[PDB]
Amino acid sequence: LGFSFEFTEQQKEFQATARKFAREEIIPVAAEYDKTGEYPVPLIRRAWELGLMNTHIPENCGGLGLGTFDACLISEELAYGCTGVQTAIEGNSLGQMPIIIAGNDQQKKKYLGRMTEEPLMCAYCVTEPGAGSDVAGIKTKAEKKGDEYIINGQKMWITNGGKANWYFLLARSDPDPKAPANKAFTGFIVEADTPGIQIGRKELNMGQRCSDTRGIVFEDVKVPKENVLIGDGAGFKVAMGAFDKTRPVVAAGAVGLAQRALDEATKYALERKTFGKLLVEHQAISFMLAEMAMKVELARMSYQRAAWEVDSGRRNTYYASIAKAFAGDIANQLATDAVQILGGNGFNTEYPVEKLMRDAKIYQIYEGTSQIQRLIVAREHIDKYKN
C-alpha cells in the first residue's frame, strides 16, 4: 500500500554481486569471446558458482526460488558486461519456464534438480524455418505411438541448443491443419542424448558471437510419454504463458546494454576535446546524452513494472510487451548514438561501442519482434475498451 522504488537488502546484495562479477570477470574478456566466437564456458561456470543462474527454479527442487524481478536486476547487470554471455545464461531460464509452470513434481525434480547439482544448460526449441513470430505455424509433428511419442521435425536459431542437456520442445499433435492452436500443439521436455537428434554448426551471426546458436533436426525421436508437460493438447498455452515471466527479463538485458552504451558514451564525451571544449560543452551532445539517459531511465521502470506485475500474481502481458518493445528500441538507439559520439574510434574495433551496436539489434527480433509486440499491446489495450 504505497508506491516504492527502493529494492530490498536481499535484492541489493544481488545487484552488488552481479555488478562485481560483470565489471570484474566478463567485461575484461568480453572482447575475446566476441572475436574468438567461442562459448564463454568458464563465465557460465562462475555465474553458477555465484548463483546468478537458474534463479527461478522452485526452492523445493533446491533452486534459489528468486522471482522475475530479481532475475531482471541481476540480468541487467550481466548485460552491462556482455549481452552474449548474458543471453547465454538467460537461455536456460527461458527454456525452463515451460517446465516450472506446467510441471508436476516428477518432471520438475528429475529435470530442474539436475541443473541444481551441476552447471548444465537447457534450450527452448520452438522457432523454426518458416514459423518464428508465428508460433502456431510450426510443422514439427508429434505422433503418439501408444507407450510414448514420436517426434519428426526441424528447429532453427536455438540458443544454447548445442550445449543444452535437455530441450523444451513444442510440436503439433493434431494432424488436421484447421485444428486450433489451443488443442493442436503439445510440448515435451526432451533430453538431448536421445538418438536421431542431429545438431547443426555454429551459425555466424553479426552479434552475440559467444552465445551458442544453431539448428536441430528431430527425425524419429522417441519421446518418453511421462515427459509431456501438461499432456497432449496443451502445448501452445504453456509456451505462451512461459515468457510472461521472461520478456521482462529480456528487456532487462536490453536496458543493461543501453546503460553500458550510455556509460562509455558519457565518459568519452567528458574528455574528448573538439573546437576548444569538452564534447559535453557542445549542446547537441549534451542533448544527446540527456535523451539517452531518460530512455535508459524509462526502460528500467518499464520492466520493473512488468516484473512486479507478475510477481504479485498478475498477467503482466500488457506491461511485459511495453517493457520489451521500449527497451528493445532504446537499446538500439543508445548503442548507435554511443558509436556516434565516440566518432571514428566508435567504428574502430578496439573500442566497446562497436560491439554494443551489433548486439543490441537482436532485441527487436527474438522473443517477440517490435511489430508483434505492438500487436499484443494493442490487442490488450483495445480489449480494455470493448464489451
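For every residue, the number given is its place in the sequence shown, counted from 1.
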item	value
Which of 266-274 and 312-320 has higher mean CA B factor, as the PDB entry lists it	312-320
126-134 versus 238-246 - which carries the larger mean C-alpha B factor in the record	238-246
Selection from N227, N205, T186, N160 [criterion: highest C-alpha temperature factor in the record]	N160
Of the residues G256, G103, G153, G200, the one carrying the largest Cα B-factor as recorded	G153
Ranked C-alpha temperature factor of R300 among modelled chain residues, by third	lowest
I216 - Cα temperature factor, lowest/middle/highest third of chain	highest
Cα B factor band for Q15 (lowest, middle or highest third within the chain)	middle
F287 - Cα temperature factor, lowest/middle/highest third of chain	lowest
Third of chain Cα B-factors occupied by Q86	middle
